[PDB]
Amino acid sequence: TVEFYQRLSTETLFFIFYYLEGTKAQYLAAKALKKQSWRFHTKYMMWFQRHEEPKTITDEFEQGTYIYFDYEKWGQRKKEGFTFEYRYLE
C-alpha cells in the first residue's frame, strides 16, 4: 500500500530506492519521498530537500540551501549556495 511507505523512516526509503531497483517497493518509496518534499536530482543521482526558502528562483532553476542524502557516504549532508537546475528534475 501507499500509506505504509509513508510511515517508514527516510533512511529506509533511501535503502529501498537504491538497493531494490525495478521493483514495486522502490516505486512507492520514490513517491513517499516526493510527498515529503524530496526531489530527485537526475544527474547527481541524489535526493534533495529545501533546508529553508531559496534565495533566488527563476523559471529554470533555484538556488539556496539544501539537505541531501549521499548514497556513497550513506548519510544525510548539507549544501549551501547550491543551484538546483530544473532540467535535472523529473
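Numbering starts at 1 and follows the sequence shown.
As the entry records it, the average C-alpha temperature factor is higher for 15-23, out of 72-80 and 15-23. When the CA B factors of the chain's modelled residues are split into thirds, the value for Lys31 lands in the highest one. Ranked within its chain, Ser37 lands in the highest third, by CA B factor from the PDB record. Sorting the modelled residues of the chain by their CA temperature factor places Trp47 in the lowest third.
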